[PDB]
Amino acid sequence: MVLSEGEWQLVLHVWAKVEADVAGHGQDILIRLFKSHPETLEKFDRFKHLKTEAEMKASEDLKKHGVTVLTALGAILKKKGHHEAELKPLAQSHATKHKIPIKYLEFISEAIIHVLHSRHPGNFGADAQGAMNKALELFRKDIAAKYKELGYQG
Ligand code: HEM
Ligand SMILES: [Cl-]
Ligand SMILES: [Cl-]
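Taking the deposited numbering, I'd label the letters of the sequence shown as residues 1 to 154.
1) With a CB to CB cut of under 7 Å and the five nearest residues on each side skipped, what residues in its chain are close to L116?
2) How many angstroms separate the CA atom of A75 from the CA atom of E86?
3) Is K88 near ligand 3, with its Cβ less than 7 Å from a heavy atom?
4) I think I102 touches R140, with their Cβ atoms under 8 Å apart; what is that distance to the nearest whole Å?
5) Flag this pair as yes or no: are the beta carbons of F107 and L33 separated by less than 8 Å?
6) Have a look at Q27 and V67 and give me their C-alpha separation to the nearest angstrom.
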């Protein structure tokens, strides 16, 4: 699909709040992902030893990865649909090395939306959540298209 400039601004206005503390947002989002869909944690050989929420919260390496993930996602969002360059290496690594299905990308999208809804009601009302959903749908659509080009089922 194609987002309007108005929709991109709702996206960027809540992302500006995320950037006050991306490490804290990253922790919340990965922990939510793992709690709501435990099967996703099994894709991280580096983190699947983390047994509880408390262990996850105290993991500096998990925190580090959350900052890496949200900073990569933020760079894609800021391109406002012109994100082919950002998507190529991400798609290749997640298709061929990590083996991450599109359904799992849907799971983390859900986790992102849940955490933004929880932390930022002032910037994440119905219209803004709609715009974020649209942006994440666009991201997943384009990743899916790359997966097909790369030979991966998704
Ligand atoms: C918003 C969606 C996501 C973004 C932007 C993202 C971004 C990244 C980035 C930038 C890296 C490091 C560079 C690389 O290997 O490509 C990475 C690594 C990785 N990601 Fe993703 N990721 C996303 C979703 C997921 C999901 C849903 C899973 C699986 C449940 C996943 C599993 C992994 C794994 C296993 C690694 C290697 C981690 C390690 O052992 O160091 N990612 N991701
Ligand atoms: Cl600001
Ligand atoms: Cl901390």
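Even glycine gets a Cβ: it sits at the ideal position worked out from N, Cα and C.
The structure says:
1) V14, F124 and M132
2) 8 Å
3) no
4) 6 Å
5) yes
6) 8 Å
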